[PDB]
Structure formats: structure tokens, C-alpha cells
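Just one chain follows, in the form deposited in one PDB entry, and it is written as C-alpha cells.
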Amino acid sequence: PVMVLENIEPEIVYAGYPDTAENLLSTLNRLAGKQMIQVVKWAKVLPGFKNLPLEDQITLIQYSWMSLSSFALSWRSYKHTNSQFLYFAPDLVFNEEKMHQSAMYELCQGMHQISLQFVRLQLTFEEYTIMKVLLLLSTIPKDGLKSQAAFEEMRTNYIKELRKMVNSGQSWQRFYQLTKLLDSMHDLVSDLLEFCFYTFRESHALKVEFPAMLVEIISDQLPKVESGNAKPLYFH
């Protein structure tokens, strides 16, 4: 299970870099689209997930895109900079000045904080790989998926997989700590989507530009989300 996840990790992606809000947001949107490809490529080979109906795989991916991009961001941020900065790309690294010019300073701070958690925890690559899959399996539609049961067994197997990876008392505490971090991610992710949705909606007036693959994902996602019909699963 776990050895496979270690092999399948994604490739380096460049953002392709005046530091105006419009420019940074547009660059972030552009980075997210390229990353989206890596996400699809990664998800495709995931054990269990690949046997799921295709429509189901896509639905899961669209729902969890922001969350996946974020978790991956903390991890790059953790490894490359000891969580000092937000390491979006080798060519796009934020500091407090960048967060400010970005116009997303507080959201960025929350993200950095999640990142700091990785250091406090000393998150292993083994823990990180599992949690990522779990994030991909965290938000479902209200009426569910085409094969809800199938999704359910695999989500459960994966939770069990994470518990294996984490004395008994300490292990249980770690499992609590990681599951809690996943919940906290969702709170932050929800805020990012709200902001992303608004800029998307107010795109022409704002001058913030989104890539085509992303435009497709967002247009579809926004009604079901703001409507409260995306069922995000919470551990605690």
C-alpha cells in the first residue's frame, strides 16, 4: 500500500514567473492548473481509487482540488524551507511581503501555520502520503457517488492504513493529531474557496485571470459548494 504511494509522488512544477495583486493571483491560478495535471496523474494510479467509476474519480478530484493543492504546498514549504516561507514553486516563494501584495495575507498565514504544524509534528513522508489520499477522499456530493459503498471501504482502509503508519498511547495521540490537522485544513480550505469563488465571480472587474482547466472545475464546483451540498468529512 504505502510503498506504492512513495513512488507515485509528483514532479516539479514551475509557476512561470510588477508584484500587483492581479499578477500574483493570476500566477497562482496558472500554477494551480499545472498542478492539477500532476494531481490527476497521481490520483489515477492510486490503489483502490483507480477501480472506482471514472465519473467518481473526477468528482472526488474536483471537490478536493484546493485541499490537495494546499496540503502539497505545506509539504513543499516544510521540506524546502523548514516552513519559513510558502513554497509554491521553485520560482514562486512567498514571504510576508508577497503574502501582502497577494491580497491574501491572512489566508496565507493560516496556511503557513498548518505548515508550522508539520515541523512541530515532524511529519514523516509516510504519514504525509496517506493524509493526502484522505484529503482526496474527504469531500463528497450530497446524494453521494455512483459507488458509495466502494468508496467507503477504501476510505476506511486508508484510515486504517494511516493508523498503522503512526507505545500505544503515543500512537493513538499521533493519530488524533494528524486527523485533527486534516480537519483544520478543511477550515482553511473553505476560506480559500470563498475567496477564490468571489474573485472568479468578479473576475472581469478585478482583472484576475484563471486558466481554462480551472475555469471548468470552479464553475461546476461553486454552485454545489456555496449551496452547502459538498459533504466534507470530519474526523472529530
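All residue numbers are counted from 1 along the displayed sequence. Under this definition, the rigid core comprises the largest set of C-alpha atoms superposing within 1.5 Å between the forms.
Between stretches 136 to 144 and 115 to 123, greater average Cα displacement in 4 other deposited structures of this protein relative to the shown form, fitted by the core, falls on 136 to 144. Compared with the other entries of this protein, residue 169 is frequently left unbuilt, missing from a third or more of those that build its neighbours. In terms of unmodelled positions of the deposited sequence, the stretch from residue 166 to residue 167 in this entry skips 4 to 9 residues. Deposited sequence between residue 17 and residue 18: 4 to 9 residues lack coordinates. Judged by mean Cα B factor in the deposited record, 140 to 148 ranks above the other of 119 to 127 and 140 to 148. Per the PDB record, of the two stretches 175 to 183 and 201 to 209, 201 to 209 carries the greater mean B-factor over its C-alpha atoms. The PDB entry assigns residue 160 a C-alpha temperature factor belonging to the highest third of its chain's modelled residues.
The PDB entry assigns residue 80 a C-alpha temperature factor belonging to the middle third of its chain's modelled residues. Split the chain's modelled residues into thirds by C-alpha temperature factor. Residue 132 is in the lowest one. Per the deposited record, the Cα B-factor of residue 38 falls in the lowest third when ranked against the other modelled residues of its chain. Remark: residue 59 belongs to the lowest third of its chain, ranked by C-alpha B-factor as recorded.
What follows is about the form deposited with a partner chain bound, which we do not show.
When contacts are judged by a 4.5 Å heavy atom cut-off, residue 226 does not count as touching the partner chain in the entry with it bound. The partner chain is not shown here, but in the entry with it bound it comes within 4.5 Å of a heavy atom of residue 57. Contact annotation: residue 212 falls within 4.5 Å of the partner chain in the entry with it bound, judged by heavy atom distances.
Residue 50 belongs to the set of residues with a heavy atom inside 4.5 Å of the partner chain in the entry with it bound. Contact with the partner chain in the entry with it bound, defined as a heavy atom within 4.5 Å, is made by none of 100, 103 and 202.
Taking 46, 206, 61, 28 one by one, only a single residue has any non-hydrogen atom within 4.5 Å of the partner chain in the entry with it bound, and it is 61.
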